[PDB]
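[1] would you be able to build a 3D model of this:
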Amino acid sequence: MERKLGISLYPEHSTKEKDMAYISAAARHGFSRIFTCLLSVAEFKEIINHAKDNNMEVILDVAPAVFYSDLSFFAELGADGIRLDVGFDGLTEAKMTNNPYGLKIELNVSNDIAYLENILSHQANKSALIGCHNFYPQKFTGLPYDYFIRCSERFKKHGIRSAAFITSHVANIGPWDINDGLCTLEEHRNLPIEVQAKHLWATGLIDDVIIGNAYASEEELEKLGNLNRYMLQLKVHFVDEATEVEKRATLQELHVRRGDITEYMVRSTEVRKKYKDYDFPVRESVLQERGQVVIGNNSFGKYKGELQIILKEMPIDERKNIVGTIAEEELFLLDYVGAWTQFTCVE
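    Numbers count the residues shown, from 1 in each chain. This is the structure:
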């Protein structure tokens, strides 16, 4: 399943000019999805048209107070779908998927109940359904990890497109007065924007990553657009002593964690076939600690040129050279390198 980047808009808290400029900005970094919020016609129509000219999928969230299943009004705007933030009896959802306007029905992923099982037990077009998590403006009210996974696995089990929200650290606009950041997972509230996106995609359970607040900076859009969406990339910082060959082993290789794992380190064993002829002089070895990129040196015999990323502390081993460290904010990402997982290391 294709992976998209998205942005959120709140046109009532802004002008059509800056919203259209933002859509343009996000478009030149591979964003192709918009979440838009009607809290309180022609200008929404202009903005949405500008979005559709820039090949962006538009999902409308409209407050149920500001008015039934004549979804024609959403069609006339040029929206591609509507969010059902709160659900019904399942039957109503089912009938909405048969709308004659080709509109997507976006469901709330964030409720861990047999919601889909209910909807699909009625005569429902599964192919019209998508799903998106809530975001959480109040600090500490975001979703916990295990709950978030259960929720996302429901939608994955049924092959339905999923999405979640990440938060910008520049953006100043959300739907309400309280805005402590707009992300789905609580743990993402104070993480770098690109790390949040990396995490969501690394779960294997999220297809689309949407910035929940507006406007993300040019730099933030660029960072997100630069990411490989379909493979884990771990930011590495080299030590001063790292040789050219150690850096090439680190950066030029598609690493694979050998499937017979150890809990102490990620072993990239195919690397040492290419590098076993090369010079890895012994230098000052240090305590092995989580996040270190190390390599087997000249004195490691069979294991010379074996690149490892440390997962758990081990005593000094003079048969290894320390090469660098994975960025501290990204250490939790090591848990997504399982048996046989490909990953790269990037600067």
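[2] which strand or helix spans residue 209?
    Residue 209 is located in strand 208-211, with elements delineated by DSSP states H and E.
[3] packing partners of that strand?
    Other elements packing on strand 208-211 under the criterion 3 or more CB pairs under 8 Å, 6 or more residues apart in numbering; DSSP states H and E are strand 5-9, strand 31-38, strand 163-166, helix 193-202, helix 218-226. The way it works is simple: take the backbone N, C-alpha and C, and place the C-beta from them, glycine included.
[4] what's the residue nearest the centre of the chain in contact with, if anything?
    If you average the C-alpha coordinates of the chain and look for the closest C-alpha using CA atoms, centre = their mean, you land on residue 197, 2.8 Å from that point. Going by CB atoms under 8 Å, 6 or more residues apart in numbering, residue 197 touches 5, 166, 209, 224, 227.
[5] contacts for the strand holding residue 209?
    With contacts defined as CB under 8 Å, 6+ apart, strand 208-211 is touched by 3-8, 33, 35, 132, 161-168, 171, 182, 193, 196-197, 200-201, 220, 224.
[6] switch to 7 Å and redo it
    3-8, 33, 35, 163-166, 168, 197, 200-201 (CB atoms under 7 Å, 6 or more residues apart in numbering).
[7] in contact with the spatially closest residue to residue 91 that is not a sequence neighbour, which residues?
    The shortest distance from residue 91 to any residue that is not its chain neighbour, by CB to CB, 6 or more residues apart in numbering, is 5.2 Å, and that residue is residue 122. Residues counted as contacts of residue 122 (CB under 7 Å, 6+ apart) are 90, 91, 94.
[8] which residues of the stretch 1-150 of the chain fall in helices?
    Counting by DSSP state H, counting those that start in this stretch, residue ranges of the helices within the stretch 1-150 of the chain are 16-27, 42-53, 72-77, 91-96, 115-119, 145-157.
[9] nearest to residue 245, out of those helices?
    For the helices of the stretch 1-150 of the chain, proximity to residue 245 was assessed by CB to CB; helix 145-157 is nearest, at 38.5 Å.
[10] and the angle from that closest one to helix 193-202?
    An angle of 50 degrees separates the directions of helix 145-157 and helix 193-202 when computed by axes from the mean of the first three to the mean of the last three CA atoms, to 10 degrees.
[11] follow-up on the earlier one: export the helices and strands packed on strand 208-211 as TSV, with columns for distance to residue 337.
    As requested, the helices and strands packed on strand 208-211 are exported to TSV (distance: least, CB to CB, whole Å):
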stretch	distance to residue 337
strand 5-9	23
strand 31-38	27
strand 163-166	21
helix 193-202	9
helix 218-226	21
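[12] which among these is found nearest to residue 325?
    From these, taking CB to CB, the stretch that ends up closest is helix 193-202, at 15.4 Å.
[13] would you quantify the distance from the residue located most distally from the centre of the chain to residue 285?
    Largest separation from the mean C-alpha position in the chain: residue 299, at 40.9 Å (CA atoms, centre = their mean). Going from residue 299 to residue 285 by CB to CB, to the nearest Å gives 10 Å.
[14] quick one: which of the contacts of residue 197 is nearest residue 176?
    Lowest distance from residue 176 to these (CB to CB) belongs to residue 166, with 18.4 Å.
[15] pretty sure that closest one is touching residue 194, no?
    No - contact between residue 166 and residue 194 fails when scored by CB atoms under 7 Å: they sit 8.9 Å apart.
[16] which of the two has more residues huddled nearby?
    residue 166 (32 against 21; other CB atoms under 10 Å).
[17] for the more buried one, which non-adjacent residue is closest in space?
    Distances taken as CB to CB, 6+ apart put residue 196 closest to residue 166, at 3.9 Å, once the chain neighbours are dropped.
[18] next one: residue 44
    Distances taken as CB to CB, 6+ apart put residue 77 closest to residue 44, at 5.5 Å, once the chain neighbours are dropped.
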